[PDB]
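No value in this document is a laboratory result; all are computed from the given coordinates. Positions of Cβ are backbone-derived with ideal geometry, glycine not excepted, and every protein chain shown enters the neighbour counts.
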There are 2 protein chains.
Amino acid sequence: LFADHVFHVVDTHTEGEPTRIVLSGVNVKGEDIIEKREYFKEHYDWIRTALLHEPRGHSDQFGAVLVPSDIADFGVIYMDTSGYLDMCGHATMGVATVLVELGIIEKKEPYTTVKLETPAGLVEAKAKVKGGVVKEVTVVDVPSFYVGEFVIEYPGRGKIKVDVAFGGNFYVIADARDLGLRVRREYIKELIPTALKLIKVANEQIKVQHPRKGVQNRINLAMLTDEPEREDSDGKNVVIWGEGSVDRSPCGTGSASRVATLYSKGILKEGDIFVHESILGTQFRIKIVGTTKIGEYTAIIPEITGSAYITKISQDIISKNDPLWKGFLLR
Amino acid sequence: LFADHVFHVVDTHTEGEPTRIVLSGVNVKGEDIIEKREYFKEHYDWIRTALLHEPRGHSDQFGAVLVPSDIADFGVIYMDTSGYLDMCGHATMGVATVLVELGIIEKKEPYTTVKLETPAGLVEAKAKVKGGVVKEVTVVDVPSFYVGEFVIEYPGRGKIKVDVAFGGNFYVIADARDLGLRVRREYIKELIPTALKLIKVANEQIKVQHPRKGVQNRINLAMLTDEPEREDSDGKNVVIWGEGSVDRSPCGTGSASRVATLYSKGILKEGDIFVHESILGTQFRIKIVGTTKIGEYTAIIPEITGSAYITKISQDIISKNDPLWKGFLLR
Ligand code: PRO
Ligand code: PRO
């Protein structure tokens, strides 16, 4: 009686990073996922802030919209508090858990598998299921590659050595101590502004280019590395983008990009596995299960593994006279 | 199949400030609300972090647990990301909306009224209902009073003039420019640390005392005032407590406390109304509908008015093997 709109949203976290997964209330027209995403940006961007800004989300929230697909089981429009990324690791893990545990897809075998049409390419998600429960998901991310290292001018700091790779989005990778901080919990209200400028600066000097239609040709996310805290861990990192959003997970698509750097640098060979640590201490693992050619960059095929957990099953309500229905932030 | 625990949580916002209101899964034993609250702190504090920390909440979230009452319609255990306040304005407005719009209480008249047993006293909530919709709620908050002004030592700043009042919790009120900031959106990552120390410092020098059993005798929240941005507004403020939680509303119980200061300072008379502005620009209105005696302080009876809106209706899920079921934060 009190609702103007109602959305079926199921939440997950993936090593701490939330995905608000929406399963009703969004009809979207389009030939493929890139078209459907543009049709979403035009008519439906208000849903994105109503669901990930406050009060229904928060400064760091994340969303994925299930849509149909002719070329896959479903398509996925990834969205965050600022915009729409071409791919995302943790949200795919979360979509695969919901898709299974809620019985939308046939549970099967030890692994039940989902093909997903994503902006940056078709993405296979392999979920290990015990009983009804998905215990972990392995994402066969899209081909990732190294673009180059660069000496960029960072004001107040001089010249910084910086890597730039693509793991479904383009990333600026840079060691934190090179810019005067350590990625630990305490440096966060300093890590956000630094990493944010690192994206502005990097996109002025460096240019990137992905051959695929719809993949945006700018560095959209910043990744700052440091020594991990745990013994299992090969590397720590925090990924920061948009207006200050901070990945609570080791970030699948960025981790993919890092590994593709270490592959070109020879540090990692095909078949080797890497373990990444978030600023939270949670971890992913990436195997280099293959190689292929993207445009004419040499690309790894990375396989991110982790686990996601349903945390909420919601009917998100837009109440009649809610002056703040659209969502707000203060960061 | 995938759930160890399940909670029926209904969200509201009140001028932007969320209340996660829980309606199932909590049996609590106790003679009154103070006993039931202690029984909650002992066995059930894990629910509080699982519901307001991440990933089910966030840095700024708020909760209220409905429990039975012999002396009222219900009792309410208020909780936040740090602890449990004795009273809270916006959560009561939110509980009254849910209690009506969901048909838990008989909708009636122009106003349908609810009596609530809260830690700091019995609290009447009057909801204006159009059709099914609650358009606003008026909270007859508990008797509020002025305790004194004080010259406290704030390191790095010298001596600050500071007021201390009780509006259901004790507050440190202090002008922001007196401590070198302006309460606007941009000063928030500086307003949190300042206001936080202002609570540590204030509680070392100043002592407070409320005669009622269960009302904690410490200043629990800090309120920093400045010139408002809007013309309707009599005063702007931001309320900050716990480990950095920031009120997105003008804060009912603190606004009550401010008014009780302005009443003793004579600036406001009985019957006058005040309009408060949050750091978000949202507003409450308080009338001084009466006076009474608390212990032997002279106390106003403040009536906070605003509106709250259901934003989510959730089944909060604790999944089987979720290492992070209990909740985490990074601020
Ligand atoms: O896990 C990931 O890859 C996502 C991408 C954006 C934020 N973190
Ligand atoms: O509106 C209020 O009064 C609540 C009290 C704690 C935070 N804000």
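Taking the Cα of B:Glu204, stepping 7 Å toward and past its beta carbon, and measuring to each backbone N in region B:144-181: which are under 14 Å?
B:152-160
For B:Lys130, place a label point 7 Å from Cα along the Cα-to-Cβ direction in every copy; what are the distances to the other copies, in nm, shortest first?
5.5
Considering the Cα trace of the protein assembly as shown, what is its radius of gyration and what is Dmax, both in angstroms?
26.0, 82
Along region B:215-223, what does the Karplus equation 6.51 cos²θ - 1.76 cosθ + 1.60 (θ = phi - 60°) give for ³J(HN,Hα), rounded to whole Hz, x for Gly and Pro?
Once rounded to whole Hz, the list reads 7, 6, 8, 9, 6, 9, 9, 10, 10.
Using Cα springs under 10 Å in a Gaussian network model of chain B, which residue among B:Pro18, B:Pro143, B:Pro228 shows the largest mean-square fluctuation?
In the Gaussian network model the winner is B:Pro228.
For the pair A:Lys269/B:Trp46, report the inter-label distance in nm, with labels modelled 7 Å from Cα in the Cβ direction.
If labels sit at A:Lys269 and B:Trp46, their model points lie 4.6 nm apart.
Given a Förster distance of 51 Å, report the FRET efficiency between A:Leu122 and B:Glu106 from their Cβ-Cβ distance, rounded to the nearest 0.05.
For A:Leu122 and B:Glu106, the calculated efficiency is 0.40.
Starting from region A:22-56, pick out the GluC sites (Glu not before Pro) whose DSSP state is loop and whose Cβ has at most 11 other Cβ atoms within 10 Å.
Values: sites: A:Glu31, A:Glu35, A:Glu38, A:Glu42; in loops: A:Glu31.
When the GluC sites (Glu not before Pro) of region A:22-56 are filtered for loop state and at most 11 Cβ neighbours within 10 Å, A:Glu31 remain.
Along Cα-to-Cβ, 7 Å out, sits the label point; list in nm, shortest first, how far the one on B:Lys293 is from those in the other copies.
9.4
Relative contact order (percent) for region B:166-254, with alpha-carbon contacts under 8 angstrom and 6 or more residues of separation?
That works out to 37 percent.
Do any trypsin sites (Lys or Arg not before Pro) in region A:115-159 lie in a loop, going by DSSP, with at most 15 other beta-carbon atoms within 10 Å of their beta carbon, and if so which?
Those that pass, being in a loop and sparsely packed, are A:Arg157.
Treating only the Cα positions of chain B as identical point scatterers, give the base-10 log of I(q)/I(0) from the Debye formula at each q in 0.11, 0.12, 0.14 Å⁻¹.
Reported log10 I(q)/I(0), two decimals: -0.66, -0.80, -1.10.
Can you give the angle from 0 to 90° between the axis of helix B:33-43 and the longest principal axis of chain B, with both taken from C-alpha atoms, to the nearest 10?
Between the helix axis and the principal axis of chain B, the angle is about 70 degrees.
Take every Cα pair under 8 Å in region B:142-306 that's 6+ residues apart, average their separations, divide by the length, and report that relative contact order as a whole percent.
Taking the mean separation of contacting Cα pairs over the length of region B:142-306, I get 24 percent.
Report ³J(HN,Hα) in whole Hz for each residue of region A:202-211, in order, from the Karplus equation J = 6.51 cos²θ - 1.76 cosθ + 1.60 where θ = phi - 60°; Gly and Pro get x.
Calculated HN-Hα couplings, in order: 4, 7, 6, 7, 8, 10, 10, 7, 10, x Hz.
Pull up all non-local amide H partners of B:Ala165: gap of 5 or more, or a different chain, and H-to-H distance under 5 Å with H placed in the peptide plane.
B:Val147, B:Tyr171, B:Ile173
So who's got an amide H within less than 5 Å of the one on B:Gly290, skipping anything under 5 residues away but keeping other chains? H placed 1.01 Å off N, in plane.
So B:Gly290 has HN proximity to B:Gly271, B:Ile301.
How much FRET efficiency would the formula 1/(1 + (r/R0)^6) give for A:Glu153 and A:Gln315, where r is the Cβ-Cβ distance and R0 is 35 Å, rounded to 0.05?
0.10
So what are the ³J(HN,Hα) numbers for region A:64-77, from phi and the Karplus equation (6.51, -1.76, 1.60; θ = phi - 60°), rounded to whole Hz, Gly and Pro as x?
9, 9, 6, 9, x, 7, 8, 9, 6, 5, 8, x, 9, 9
Would you please give the residues with an amide H less than 5 Å from that of A:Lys135, counting only those at least 5 places away or on a separate chain, with H modeled from the backbone geometry?
Under 5 Å from the amide H of A:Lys135 lie the amide H atoms of A:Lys128, A:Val129, A:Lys130, each far enough along the sequence or on another chain.
Taking the Cα atoms only, what angle lies between the long axis of helix B:252-264 and the longest principal axis of chain B, rounded to 10 degrees?
Taking the Cα atoms of chain B, the angle to B:252-264 is about 30 degrees.
With labels modelled as points extended 7 Å from the Cα through the Cβ direction, what inter-label distance (nm, one decimal) is found for B:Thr113 paired with B:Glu243?
4.2
Starting from the Cα gyration tensor of region B:142-306, take the square roots of the eigenvalues, sort them a ≥ b ≥ c, and report rounded, prolate or oblate (rounded when a/c is under 1.5, otherwise prolate if a/b is larger than b/c, else oblate).
Details: a/c = 1.70, a/b = 1.13, b/c = 1.50.
The shape class here is oblate.
Determine the percent antiparallel among the DSSP beta bridges restricted to the protein assembly as shown, to the nearest 5.
About 85 percent, rounded to the nearest 5.
Over region B:49-131, what is the relative contact order in whole percent, taking alpha-carbon pairs under 8 Å and six or more residues apart? Walk me through the numbers before you get to the answer.
Working: 127 pairs, mean separation 20.1, N = 83.
Answer for region B:49-131 is 24 percent.
Within region B:151-251, list the GluC sites (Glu not before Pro) lying in a DSSP loop whose Cβ has at most 15 other Cβ atoms in a 10 Å radius.
B:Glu229, B:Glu231, B:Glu243
Anything over 30 Å Cα to Cα? Flag those among A:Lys29/B:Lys320; A:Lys312/B:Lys41; B:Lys115/B:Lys269, in the order listed.
Working: A:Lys29/B:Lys320 37 Å; A:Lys312/B:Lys41 23 Å; B:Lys115/B:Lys269 27 Å.
As for pairs spanning more than 30 Å Cα to Cα, those are A:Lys29/B:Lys320.
Where both residues lie in region B:142-306, what percent of DSSP beta bridges are antiparallel, nearest 5?
80
Could you give P(r) for region A:146-221, binned at 10 Å from zero, as whole percent values over all Cα-Cα pairs?
Computed distribution, short to long bins: 18, 51, 26, 5, 0.
Taking the label point 7 Å from Cα in the Cβ direction, how far apart in nm is A:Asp70 from each other copy of itself, listed shortest first?
Those label-point separations list as 7.1 nm.
Out of all DSSP beta bridges with both ends in region A:11-110, state the antiparallel percent to the nearest 5.
Here the share of antiparallel DSSP bridges comes out near 75 percent.
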